[PDB]
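Colleague: First the structure, which I've put down as structure tokens, then a few questions once you've had a look.
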Amino acid sequence: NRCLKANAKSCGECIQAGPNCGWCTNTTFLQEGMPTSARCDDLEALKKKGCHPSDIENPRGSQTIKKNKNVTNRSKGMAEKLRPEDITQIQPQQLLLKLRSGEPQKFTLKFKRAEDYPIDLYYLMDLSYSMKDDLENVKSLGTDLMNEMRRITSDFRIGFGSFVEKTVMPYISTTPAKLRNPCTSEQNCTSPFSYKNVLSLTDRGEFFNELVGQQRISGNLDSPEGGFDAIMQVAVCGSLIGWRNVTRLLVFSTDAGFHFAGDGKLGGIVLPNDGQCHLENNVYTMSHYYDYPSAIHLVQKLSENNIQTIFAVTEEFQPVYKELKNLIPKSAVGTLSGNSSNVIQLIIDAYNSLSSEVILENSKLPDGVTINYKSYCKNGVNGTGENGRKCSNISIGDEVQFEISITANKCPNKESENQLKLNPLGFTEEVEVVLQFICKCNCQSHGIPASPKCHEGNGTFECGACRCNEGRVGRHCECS
Amino acid sequence: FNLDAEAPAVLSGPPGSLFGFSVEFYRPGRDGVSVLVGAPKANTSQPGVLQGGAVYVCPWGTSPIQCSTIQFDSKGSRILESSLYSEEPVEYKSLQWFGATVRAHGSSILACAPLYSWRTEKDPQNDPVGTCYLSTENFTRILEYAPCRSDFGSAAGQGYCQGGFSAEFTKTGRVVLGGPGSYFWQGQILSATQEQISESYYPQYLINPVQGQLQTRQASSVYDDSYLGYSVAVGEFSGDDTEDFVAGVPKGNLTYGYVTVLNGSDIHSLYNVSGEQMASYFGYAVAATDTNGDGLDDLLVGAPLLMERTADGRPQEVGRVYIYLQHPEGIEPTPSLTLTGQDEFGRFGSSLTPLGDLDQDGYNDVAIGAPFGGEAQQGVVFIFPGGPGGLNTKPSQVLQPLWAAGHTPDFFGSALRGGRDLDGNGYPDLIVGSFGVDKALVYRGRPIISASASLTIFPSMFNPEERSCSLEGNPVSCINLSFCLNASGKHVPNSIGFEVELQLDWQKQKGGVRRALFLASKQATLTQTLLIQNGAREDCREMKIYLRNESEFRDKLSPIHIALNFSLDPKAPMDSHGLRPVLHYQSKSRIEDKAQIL
Ligand SMILES: *[C@@H]1O[C@H](CO)[C@@H](O)[C@H](O)[C@H]1NC(C)=O
Ligand SMILES: *[C@@H]1O[C@H](CO)[C@@H](O)[C@H](O)[C@H]1NC(C)=O
Ligand SMILES: *[C@@H]1O[C@H](CO)[C@@H](O)[C@H](O)[C@H]1NC(C)=O
Ligand SMILES: *[C@@H]1O[C@H](CO)[C@@H](O)[C@H](O)[C@H]1NC(C)=O
Ligand SMILES: *[C@@H]1O[C@H](CO)[C@@H](O)[C@H](O)[C@H]1NC(C)=O
Ligand SMILES: *[C@@H]1O[C@H](CO)[C@@H](O)[C@H](O)[C@H]1NC(C)=O
Ligand SMILES: *[C@@H]1O[C@H](CO)[C@@H](O)[C@H](O)[C@H]1NC(C)=O
């Protein structure tokens with residue numbers, strides 16, 4: 001047997017060795033000559049050998065849900081009731097499960113998308129000359145979005161941010177392109193900028209029109225696609241923006257592609273992106289020093305902020321952002337009209353498409369433990385052979401019930417428990433599972449250090465015999 | 001393997017000026033053999049240009065390796081007075097990188113300077129044409145090579161070519177040059193041997209095309225933003241001895257990069273393989289050597305940014321390098337090996353250069369640098385070993401910086417180049433650069449000694465009754481113990497010292513009675529220094545061993561184990577290059593034998 005092959009000295013390397021492996025507090029079956037290994041073996045083998053049932057120590061893990069909230073089901077519309085409230089979507093929020101090496105501990109969790117959940121929207125569009133025909137109408141429908149999205153929730157705030165290219169040498173200067181457009185008489189058409197936010201997340205609909213009417217454009221740069229730095233600084237720091245911890249959105253209005261990390265090396269830029277907010281006076285400043293985010297450094301800090309990015313791509317460059325969609329989980333790509341006149345219906349359908357989709361994710365797993373996933377979604381589509389962290393096609397208010405099995409393995413983290421959080425992307429509330437392993441038998445708590453049976457203090461007597469100190473061997477640690 | 005990580009033998013650079021951004025060997029295995037280091041952001045001599053940068057030669061070969069600066073061009077006459085006008089005189093040459101891509105073969109060296117900026121004749125612009133400075137025949141004369149500086153200089157033409165971003169001297173003398181931003185950012189490869197550039201140079205023409213010139217043609221508008229020429233290398237992919245050029249296109253094929261190989265005497269598409277993940281930067285670092293031991297070189301393409309979802313499912317930033325194995329048909333198929341990384345943000349595959357036969361078994365090594373790998377994300381350089389079936393995933397030596405953690409990254413392994421021997425003992429030496437703060441490491445390759453030791457006993461059994469030997473006049477039972485040693489190693493001094501330790505009845509516990517003792521020394525252990533001739537026949541030492549009296553021990557059943565251990569003598573002087581030889585990893589340093597009692 002493997003437990004016999006484990007060559008156990010203490011209860012530890014008999015628990016860590018395997019699930020069925022077990023000790024015996026009597027230790028009268030054990031022969032004096034045979035080493036400490038022979039105690040540790042399978043449950044059935046112990047009862048065959050004649051060891052008593054209480055004398056075996058095989059603790060088995062269990063699940064205990066400390067924190068449970070009643071999910072919100074308050075009636076509205078049909079009957080008079082108070083509308084404002086707080087948020088609750090996942091029923092188990094904090095639960096404790098004790099683990100054994102090789103024990104497939106299992107629990108269940110349930111979630112439903114709460115109706116009338118307030119949202120935050122953010123517009124990120126490139127003030128490039130290819131957007132001259134789009135800025136003219138986008139500013140007009142700032143309040144139209146205010147009116148149209150009233151179905152989704154009682155209230156929601158919406159802000160504006162602008163960017164174009166970068167001030168690096170290779171990507172800043174233009175072809176001859178003799179246009180010389182008299183943009184304005186106030187000389188407000190300033191040079192291209194890395195990023196700038198003008199309006200934060202605010203409920204006042206009039207603020208969009210008032211503060212975006214005074215938004216200018218940048219003049220005809222050659223292949224300017226510097227957006228990922230902007231969508232990095234937006235997601236990385238939200239206190240300055242005002243980013244509130246509800247279901248949140250971001251609009252990326254684009255033309256003709258993007259860049260990714262390792263492009264600034266053409267411009268003499270070698271350091272990667274910090275991942276630290278650099279916004280002095282509402283404008284990106286530490287631009288020339290740091291390179292672009294890699295497509296994946298973006299993914300980590302977009303997922304760690306529950307940011308849902310929406311893509312406003314124009315017809316030509318659709319496939320590239322389409323593959324972006326499969327790269328970045330919880331993101332959507334939409335075919336924008338030529339004049340950007342369909343952005344309202346685009347945002348409506350994009351929010352509808354994102355809402356039905358709930359994807360789960362864990363964080364920083366310990367080495368031994370592994371997690372499998374099964375999902376019971378809508379009516380049908382119960383698939384788990386293809387790994388299920390997602391469901392869709394749900395209606396508003398539908399019930400889903402994922403299942404999580406946490407399977408332990410060879411675990412050296414005897415530092416009591418480890419905290420890990422399971423969170424559906426896009427929702428602040430997460431299930432955190434305090435996950436404690438068993439690295440000691442209960443009989444070890446009563447062990448006598450330097451016990452007289454251990455050749456006059458040359459070891460610790462626990463669970464029926466002695467664990468020898470360093471440099472001591474024998475049944476009673478009699479020998480050095 | 002062995003490369004002496006304990007003795008780095010560092011160089012150093014000026015403060016606040018990045019150093020070792022390109023490090024290359026110069027005149028290897030010959031007189032005045034030196035190491036070239038590039039510092040593109042360093043200060044130069046001319047007052048007009050700031051952050052001009054210059055490469056420093058270093059007369060390597062002494063215990064202190066301090067070194068001065070070589071002067072490619074400390075002038076201002078060429079730039080000034082374009083069409084003789086003080087008003088709007090020049091677009092300033094300052095901030096031009098000068099050491100991003102330096103390389104040398106033979107006596108002629110090139111120092112490409114990307115981010116070079118110049119104003120065309122027609123109209124003021126900010127065109128980053130890029131130039132490479134060429135000096136030949138022991139710095140006798142300097143040459144200027146800016147093939148992307150032409151009449152039709154515009155952002156849609158060659159204005160933003162930035163030629164010089166990747167170069168390497170071919171073995172035949174050709175200079176192969178890569179301009180990433182040519183023709184509205186599709187890239188252009190420029191190649192012309194030294195004869196045409198030497199003959200067709202004229203200083204006073206700012207625009208002077210090279211007559212013999214091989215360039216990639218302008219492509220259609222559908223291939224925009226591909227960046228051909230980001231990394232280029234030379235190989236032997238064509239069946240003939242003619243060297244073929246390999247170039248990786250990072251953002252081609254709708255962001256799925258791909259790498260091309262080109263015909264020798266005429267630029268052509270030939271063979272070309274694509275990336276497997278979008279925004280992977282396939283072709284950041286291309287490489288090509290005989291990593292198979294078959295005579296036909298193999299490609300090596302690294303993708304620093306990549307996916308590998310794991311048991312948690314969280315995406316990470318792990319780069320993998322790709323091995324493409326050539327075949328007698330000459331065509332490279334789909335990938336045949338893949339050496340991925342294991343660090344969170346280490347851009348594995350950022351640098352890929354070969355080493356030639358460090359173990360001298362006919363198989364050539366490689367070195368891959370992770371500029372942000374390892375703990376404290378300081379930088380790691382791996383060395384995967386060549387094998388009959390290709391590289392081995394186990395990276396053998398994993399070289400780490402010896403300094404302390406700093407606020408800015410130290411960018412270890414952001415530039416390296418090995419290959420040709422430097423010390424001169426037939427063993428190649430590797431180099432790495434760490435442009436974080438003024439750190440360039442030049443390493444050394446230790447000699448290898450393959451040693452064999454054989455232990456014999458005659459007779460194998462002690463006879464208590466046969467007391468054939470006499471100990472102080474007392475007849476004792478004795479048997480003969482003889483051990484032989486044979487060692488062989490290339491480029492090693494003819495005499496090698498070994499330390500040989502003999503132990504008797506070693507399995508007896510500390511304090512137990514040793515049943516067998518040396519006849520001469522009356523002890524249980526013998527240590528001795530031996531000098532074995534390199535490649536000579538085995539040297540044998542014969543000794544007699546005797547068993548103690550039966551009254552002194554009770555154990556006649558357990559055999560008397562005899563152990564033979566050997567390792568290199570730690571007091572042996574280092575070689576002329578200061579290296580200590582290493583025992584081969586297959587050499588069994590411990591040989592055990594046993595004698596019984598009848
Ligand atoms: C929102 O929830 C997050 C949990 O991720 C918390 O850090 C933050 O303080 C919360 N904000 C508010 C206003 O409750
Ligand atoms: C839409 O953009 C096109 C440019 O392709 C322009 O000709 C047209 O007038 C625009 N239409 C509106 C309603 O702005
Ligand atoms: C010289 O070059 C260094 C590069 O680190 C720079 O910091 C310094 O300002 C330069 N000094 C002058 C006078 O140009
Ligand atoms: C070539 O230049 C360097 C400068 O020291 C050195 O190798 C040598 O002095 C020169 N060659 C000859 C033949 O002097
Ligand atoms: C472009 O690369 C993709 C790999 O993602 C490949 O499937 C496709 O065939 C390639 N296109 C062409 C024209 O070779
Ligand atoms: C490949 O290179 C040869 C030179 O060796 C040149 O003639 C031609 O470009 C190619 N050979 C062919 C097509 O036979
Ligand atoms: C890839 O190689 C083929 C020939 O093998 C060539 O015609 C093609 O142009 C290459 N790919 C691209 C994008 O040019």
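Going through the structure tokens in order, the chains are called A, B, and so on, while each chain numbers its residues from 1 and the ligands are numbered from 1 in the order shown.
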Please, which residues have at least one atom within 10 Å of an atom of ligand 4, using only C-alpha atoms and all ligand atoms, listed as a VMD selection string?

Modeller: chain B and resid 27 31 to 34 57 59 70 107 137 to 140

Colleague: Would you mind writing down, as a ChimeraX atom specification, each residue of segment 252-305 of chain B that DSSP on the backbone assigns to strand (DSSP E or B)?

Modeller: /B:258-262,272-274,285-289,298-303

Colleague: Do a neighbour search on residue 28 of chain A at 10 Å with only C-alpha atoms, toss out local chain neighbours closer than 4 positions, and write the hits as a list in words.

Modeller: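 So the residues in contact are residues 24, 32, 39, 50, 51, 464 and 465 of chain A.
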
Colleague: Could you list, as number ranges by chain, every residue within 9 Å of residue 212 of chain B, counting only C-alpha atoms and ignoring same-chain residues fewer than 5 positions away?

Modeller: B: 191-193, 195-197, 200

Colleague: Include N, CA, C and O atoms and write out the residues we just selected as a PDB file, in the first residue's frame.

Modeller:
ATOM      1  N   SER B 191      20.330  44.988 -48.142  1.00  0.00           N
ATOM      2  CA  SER B 191      21.560  44.211 -48.082  1.00  0.00           C
ATOM      3  C   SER B 191      22.444  44.551 -49.269  1.00  0.00           C
ATOM      4  O   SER B 191      21.964  44.670 -50.398  1.00  0.00           O
ATOM      5  N   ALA B 192      23.739  44.698 -49.000  1.00  0.00           N
ATOM      6  CA  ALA B 192      24.730  45.024 -50.014  1.00  0.00           C
ATOM      7  C   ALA B 192      26.108  44.786 -49.425  1.00  0.00           C
ATOM      8  O   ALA B 192      26.427  45.334 -48.370  1.00  0.00           O
ATOM      9  N   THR B 193      26.923  43.988 -50.108  1.00  0.00           N
ATOM     10  CA  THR B 193      28.208  43.636 -49.529  1.00  0.00           C
ATOM     11  C   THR B 193      29.116  44.860 -49.445  1.00  0.00           C
ATOM     12  O   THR B 193      28.787  45.949 -49.917  1.00  0.00           O
ATOM     13  N   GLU B 195      31.842  45.684 -50.861  1.00  0.00           N
ATOM     14  CA  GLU B 195      32.445  46.244 -52.065  1.00  0.00           C
ATOM     15  C   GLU B 195      31.614  47.390 -52.628  1.00  0.00           C
ATOM     16  O   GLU B 195      32.151  48.465 -52.927  1.00  0.00           O
ATOM     17  N   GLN B 196      30.304  47.189 -52.776  1.00  0.00           N
ATOM     18  CA  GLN B 196      29.488  48.241 -53.368  1.00  0.00           C
ATOM     19  C   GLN B 196      29.409  49.472 -52.479  1.00  0.00           C
ATOM     20  O   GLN B 196      29.480  50.595 -52.985  1.00  0.00           O
ATOM     21  N   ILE B 197      29.261  49.289 -51.167  1.00  0.00           N
ATOM     22  CA  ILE B 197      29.170  50.442 -50.280  1.00  0.00           C
ATOM     23  C   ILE B 197      30.495  51.190 -50.240  1.00  0.00           C
ATOM     24  O   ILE B 197      30.523  52.424 -50.173  1.00  0.00           O
ATOM     25  N   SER B 200      30.696  53.039 -53.761  1.00  0.00           N
ATOM     26  CA  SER B 200      29.644  53.996 -54.074  1.00  0.00           C
ATOM     27  C   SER B 200      29.455  55.062 -53.003  1.00  0.00           C
ATOM     28  O   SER B 200      28.422  55.736 -52.997  1.00  0.00           O
TER      29      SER B 200
END

Colleague: Could you give me, as a list in words, every polymer residue with an atom at most 7 Å away from an atom of ligand 2, counting only C-alpha atoms and all ligand atoms?

Modeller: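 Written in the requested form, the residues are residues 133, 338 and 339 of chain A.
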
Colleague: Distance cut-off 9 Å, counting only C-alpha atoms - which residues of chain A neighbour chain B? Return them as a ChimeraX atom specification.

Modeller: /A:169-170,173-176,222-223,259-262,266-268,271,294-297,299-300,319-320,323-324,327,361-365,369-371

Colleague: So that I can see what lies close to residue 457 of chain A, please list as an mmCIF file with N, CA, C and O atoms, in the first residue's frame the residues with an atom at most 12 Å from it, counting only C-alpha atoms and leaving out residues fewer than 2 positions away in the same chain.

Modeller:
data_model
loop_
_atom_site.group_PDB
_atom_site.id
_atom_site.type_symbol
_atom_site.label_atom_id
_atom_site.label_comp_id
_atom_site.auth_asym_id
_atom_site.auth_seq_id
_atom_site.Cartn_x
_atom_site.Cartn_y
_atom_site.Cartn_z
ATOM 1 N N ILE A 448 2.985 14.908 24.472
ATOM 2 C CA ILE A 448 3.810 15.360 25.589
ATOM 3 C C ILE A 448 5.224 15.586 25.059
ATOM 4 O O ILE A 448 5.923 14.604 24.758
ATOM 5 N N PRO A 449 5.676 16.829 24.918
ATOM 6 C CA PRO A 449 7.068 17.063 24.521
ATOM 7 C C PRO A 449 8.030 16.554 25.581
ATOM 8 O O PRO A 449 7.778 16.661 26.784
ATOM 9 N N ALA A 450 9.149 15.999 25.112
ATOM 10 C CA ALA A 450 10.174 15.419 25.980
ATOM 11 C C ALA A 450 9.566 14.395 26.939
ATOM 12 O O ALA A 450 9.837 14.390 28.142
ATOM 13 N N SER A 451 8.731 13.519 26.388
ATOM 14 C CA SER A 451 8.004 12.562 27.209
ATOM 15 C C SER A 451 8.952 11.496 27.759
ATOM 16 O O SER A 451 9.919 11.118 27.090
ATOM 17 N N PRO A 452 8.707 11.003 28.977
ATOM 18 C CA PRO A 452 9.606 9.988 29.554
ATOM 19 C C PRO A 452 9.671 8.704 28.751
ATOM 20 O O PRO A 452 10.717 8.045 28.735
ATOM 21 N N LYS A 453 8.579 8.323 28.092
ATOM 22 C CA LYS A 453 8.591 7.128 27.258
ATOM 23 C C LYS A 453 9.557 7.259 26.090
ATOM 24 O O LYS A 453 9.990 6.240 25.541
ATOM 25 N N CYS A 454 9.908 8.484 25.711
ATOM 26 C CA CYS A 454 10.786 8.744 24.572
ATOM 27 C C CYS A 454 12.251 8.730 25.004
ATOM 28 O O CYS A 454 13.006 9.667 24.751
ATOM 29 N N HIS A 455 12.644 7.638 25.657
ATOM 30 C CA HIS A 455 14.006 7.459 26.158
ATOM 31 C C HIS A 455 14.429 8.655 27.012
ATOM 32 O O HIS A 455 15.488 9.258 26.820
ATOM 33 N N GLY A 459 12.231 12.665 22.637
ATOM 34 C CA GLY A 459 11.248 12.752 21.572
ATOM 35 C C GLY A 459 9.904 13.168 22.125
ATOM 36 O O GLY A 459 9.740 13.386 23.328
ATOM 37 N N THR A 460 8.932 13.275 21.220
ATOM 38 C CA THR A 460 7.571 13.667 21.567
ATOM 39 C C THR A 460 6.640 12.475 21.383
ATOM 40 O O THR A 460 6.550 11.915 20.285
ATOM 41 N N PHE A 461 5.939 12.104 22.451
ATOM 42 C CA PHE A 461 5.046 10.949 22.454
ATOM 43 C C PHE A 461 3.649 11.405 22.054
ATOM 44 O O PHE A 461 3.004 12.161 22.788
ATOM 45 N N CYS A 466 6.154 7.658 19.807
ATOM 46 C CA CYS A 466 7.026 8.815 19.865
ATOM 47 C C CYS A 466 7.502 9.236 18.483
ATOM 48 O O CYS A 466 7.894 8.400 17.665
ATOM 49 N N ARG A 467 7.469 10.539 18.239
ATOM 50 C CA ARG A 467 8.125 11.154 17.096
ATOM 51 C C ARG A 467 9.513 11.584 17.553
ATOM 52 O O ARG A 467 9.646 12.440 18.433
ATOM 53 N N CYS A 468 10.542 10.994 16.957
ATOM 54 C CA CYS A 468 11.904 11.224 17.416
ATOM 55 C C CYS A 468 12.421 12.584 16.967
ATOM 56 O O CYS A 468 12.084 13.082 15.890
ATOM 57 N N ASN A 469 13.251 13.184 17.815
ATOM 58 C CA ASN A 469 13.910 14.432 17.475
ATOM 59 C C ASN A 469 14.979 14.190 16.414
ATOM 60 O O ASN A 469 15.283 13.052 16.045
ATOM 61 N N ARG A 472 17.883 11.201 16.241
ATOM 62 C CA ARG A 472 17.481 10.066 17.059
ATOM 63 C C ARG A 472 16.627 9.111 16.237
ATOM 64 O O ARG A 472 15.772 9.543 15.460
ATOM 65 N N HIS A 476 11.631 3.964 20.465
ATOM 66 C CA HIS A 476 11.494 4.934 21.543
ATOM 67 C C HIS A 476 12.575 6.006 21.491
ATOM 68 O O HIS A 476 12.873 6.631 22.514
ATOM 69 N N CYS A 477 13.171 6.225 20.316
ATOM 70 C CA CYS A 477 14.234 7.212 20.129
ATOM 71 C C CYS A 477 15.416 6.941 21.052
ATOM 72 O O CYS A 477 16.168 7.851 21.408
ATOM 73 N N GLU A 478 15.587 5.675 21.430
ATOM 74 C CA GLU A 478 16.639 5.275 22.353
ATOM 75 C C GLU A 478 18.030 5.529 21.797
ATOM 76 O O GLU A 478 18.964 5.746 22.576
#

Colleague: Show me, as a Markdown table, the residues of chain B having an atom within 7 Å of ligand 6, each with the closest atom pair and its distance in Å, using only C-alpha atoms and all ligand atoms.

Modeller:
| residue | atom | partner | partner_atom_place_in_ligand_line | distance |
| --- | --- | --- | --- | --- |
| B:242 | CA | ligand 6 | 5 (O) | 6.0 |
| B:263 | CA | ligand 6 | 1 (C) | 4.6 |
| B:264 | CA | ligand 6 | 2 (O) | 4.5 |
| B:265 | CA | ligand 6 | 4 (C) | 4.5 |
| B:266 | CA | ligand 6 | 9 (O) | 4.3 |
| B:267 | CA | ligand 6 | 9 (O) | 6.9 |

Colleague: Could you list the protein, DNA and RNA residues that have any atom within 9 Å of ligand 7, counting only C-alpha atoms and all ligand atoms, and write them as a PyMOL selection string?

Modeller: chain B and resi 219+223+226+249+252-253+258-261+268-274

Colleague: Using C-alpha atoms, can you export the residues from the last selection as an mmCIF file, in the first residue's frame?

Modeller:
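Written file, again_31.cif:
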data_model
loop_
_atom_site.group_PDB
_atom_site.id
_atom_site.type_symbol
_atom_site.label_atom_id
_atom_site.label_comp_id
_atom_site.auth_asym_id
_atom_site.auth_seq_id
_atom_site.Cartn_x
_atom_site.Cartn_y
_atom_site.Cartn_z
ATOM 1 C CA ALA B 219 3.715 45.957 -50.998
ATOM 2 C CA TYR B 223 -0.113 44.821 -45.700
ATOM 3 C CA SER B 226 3.575 44.786 -40.410
ATOM 4 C CA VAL B 249 7.281 40.248 -39.194
ATOM 5 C CA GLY B 252 1.843 41.054 -40.031
ATOM 6 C CA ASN B 253 -1.134 38.865 -40.921
ATOM 7 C CA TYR B 258 5.180 35.587 -39.074
ATOM 8 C CA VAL B 259 8.847 35.043 -39.966
ATOM 9 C CA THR B 260 10.276 34.860 -43.501
ATOM 10 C CA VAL B 261 13.372 33.341 -45.087
ATOM 11 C CA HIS B 268 12.448 36.446 -52.578
ATOM 12 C CA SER B 269 9.717 35.096 -50.342
ATOM 13 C CA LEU B 270 10.823 31.438 -50.048
ATOM 14 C CA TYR B 271 9.635 29.891 -46.764
ATOM 15 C CA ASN B 272 7.699 31.657 -44.030
ATOM 16 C CA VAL B 273 5.794 30.564 -40.937
ATOM 17 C CA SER B 274 3.199 32.364 -38.838
#

Colleague: Using DSSP secondary structure from the backbone, list all helix (DSSP H, G or I) positions within segment 129-221 of chain B, as a ChimeraX atom specification.

Modeller: /B:182-185,194-199,221

Colleague: List all protein, DNA and RNA residues that have at least one atom no more than 7 Å from any atom of ligand 3, counting only C-alpha atoms and all ligand atoms, and write them as a short mmCIF file (atom, residue, chain, number, x, y, z; two decimals) with C-alpha atoms, in the first residue's frame.

Modeller:
data_model
loop_
_atom_site.label_atom_id
_atom_site.label_comp_id
_atom_site.auth_asym_id
_atom_site.auth_seq_id
_atom_site.Cartn_x
_atom_site.Cartn_y
_atom_site.Cartn_z
CA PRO B 15 25.91 56.71 -14.70
CA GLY B 16 22.50 57.66 -16.04
CA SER B 17 23.48 56.35 -19.48
CA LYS B 41 21.78 56.93 -24.63
CA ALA B 42 25.29 57.74 -23.36
CA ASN B 43 26.85 61.17 -23.78
CA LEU B 50 22.66 65.35 -26.72
CA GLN B 51 22.31 61.65 -25.89
#

Colleague: All residues within 7 Å of ligand 1 are required, counting only C-alpha atoms and all ligand atoms; please report them as a list in words.

Modeller: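 Protein and nucleic-acid residues within 7 Å of ligand 1: residues 244, 245, 428 and 429 of chain A.
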
Colleague: Do a neighbour search on residue 444 of chain B at 9 Å with only C-alpha atoms, toss out local chain neighbours closer than 3 positions, and write the hits as a count of residues only.

Modeller: 15

Colleague: So what do you get for atom CA of residue 417 of chain A versus atom CA of residue 9 of chain A, distance-wise?

Modeller: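 Answer for the atom CA of residue 417 of chain A to atom CA of residue 9 of chain A separation: 23.7 Å.
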
Colleague: Any idea what's packed within 6 Å of residue 12 of chain A, counting only C-alpha atoms, ignoring anything in its chain fewer than 2 positions away? Could you give it as a PyMOL selection string?

Modeller: chain A and resi 10+14-15+439-440

Colleague: What does the distance from atom CA of residue 7 of chain A to atom CA of residue 36 of chain A come to in Å, to one decimal?

Modeller: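 Going from atom CA of residue 7 of chain A over to atom CA of residue 36 of chain A, I get 7.1 Å.
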
Colleague: Which distance in Å separates atom CA of residue 141 of chain B and atom CA of residue 62 of chain B, to one decimal?

Modeller: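 Distance reported for this atom pair: 28.3 Å.
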
Colleague: Ranking B:231, B:76, B:275, B:118 by minimum distance to ligand 5 and counting only C-alpha atoms and all ligand atoms, which one comes first?

Modeller: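 Looking at the shortest contact to ligand 5, the residue is B:275.
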
Colleague: Which of these, B:293, B:257, B:493, B:464, has the shortest distance to ligand 5 once you count only C-alpha atoms and all ligand atoms?

Modeller: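 Using only C-alpha atoms and all ligand atoms, ligand 5 sits closest to B:257.
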